[PDB]
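Just so you know, structure 1 and structure 2 below are the same protein chain in two forms, each on its own as structure tokens.
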Structure 1
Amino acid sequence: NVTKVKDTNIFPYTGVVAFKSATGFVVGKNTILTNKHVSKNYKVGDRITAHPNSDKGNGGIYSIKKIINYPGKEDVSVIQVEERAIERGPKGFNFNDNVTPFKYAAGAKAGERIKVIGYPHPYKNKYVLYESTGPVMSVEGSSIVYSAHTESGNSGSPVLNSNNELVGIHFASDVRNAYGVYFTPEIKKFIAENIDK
């Protein structure tokens, strides 16, 4: 099922950020992940909003300071933001006080239930977070395939397991199956190198 997120300012939803019409999520200090197909539309200096709710409340508005695409076929891009918010969140100006990074799941298997969390319906200045659930269909190398309903606004969605641990990043749907990048060692390493320090 696909359900509107009741509280966008508690964990794990405090790990999600909104671009104008796609999603990303927090991986470390001043650092978010999304798809190359989303960040190709952005530039350094553009804004993202941390965990917005329906009614103009959020974890602050932050300016992108760097965009680092993963060198590989996989649809993964690292975005760093300026630590000091353009507009403060409720925990003040510092990005890192307002958001919560995810931790990697140990792995994932066909049959297990995952959640895809993002913004599948856009609006005139209104972000609504949804959570979509469904079983994993397979995992091979850097591909994780899941049957859970998504829309183009889910570009860049974290994919989480039952325990809210990170199993992949959503990038594509059909038309049915939807497709995320699974975090292989090679990909985790590029992310670790490129998290702000």
Structure 2
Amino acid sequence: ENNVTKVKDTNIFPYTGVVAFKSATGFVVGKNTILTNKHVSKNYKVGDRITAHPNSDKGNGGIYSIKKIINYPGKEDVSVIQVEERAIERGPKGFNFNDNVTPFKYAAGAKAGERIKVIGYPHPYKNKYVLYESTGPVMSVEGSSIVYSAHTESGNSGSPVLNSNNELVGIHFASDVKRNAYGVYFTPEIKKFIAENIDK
């Protein structure tokens, strides 16, 4: 499927769960904690900034500094990023990261044919910090792999893949040249790693 639409208000759920890197996406999984891809976080360091749910230059939920980066020891393209709880620049709800974002909750599962949404900042260059939502069916779910046919671009690296009830079914990491997109499915092993690394 190729159904990609601009998000008009990024300051409501589910959009408040998404964060922007310079040319990639991530999302909130718990207190002061974001998920993105290793291929994204390899270019960031402690003290670099992330912005919560920006809408171009129209408003955002704050600018936050990275305090810790932890990569999944396994093969899957998953990296945990913790931020300082107190914003560099406040969001509308004040300086606290957690007041300005909404973590996603895992779905019970996913299955071929169900419809998903990939939400993120697709454009590496143009449409800076413009959030889009891209829809399509799940093609397969096998182990730590989820495949879905939804249009994505390179800035979608680190995007949440949500089901129709805005529950988390995967994290996006790649797409085919010019029908399928590939996400990591949250197996118990990956979930255990993420849970151990959510800021206490």
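Basically, rigid core = biggest C-alpha set you can superpose within 1.5 Å across the two forms. All residue numbers here refer to structure 1's sequence, counted from 1.
Q: Fix the rigid core, compare C-alpha positions between the two structures, and report which of 101, 107, 72, 122 shifts by 2 Å or more.
A: Correct option: 122.
Q: For residue 54, give the CA shift between the two structures in Å, the superposition being done on the rigid core.
A: For residue 54, the alpha-carbon shift amounts to 2.1 Å.
Q: In Å, how large is the C-alpha displacement of residue 18 between the two structures after the rigid core is aligned?
A: With the rigid core fitted, the alpha carbon of residue 18 is displaced 0.2 Å between the two structures.
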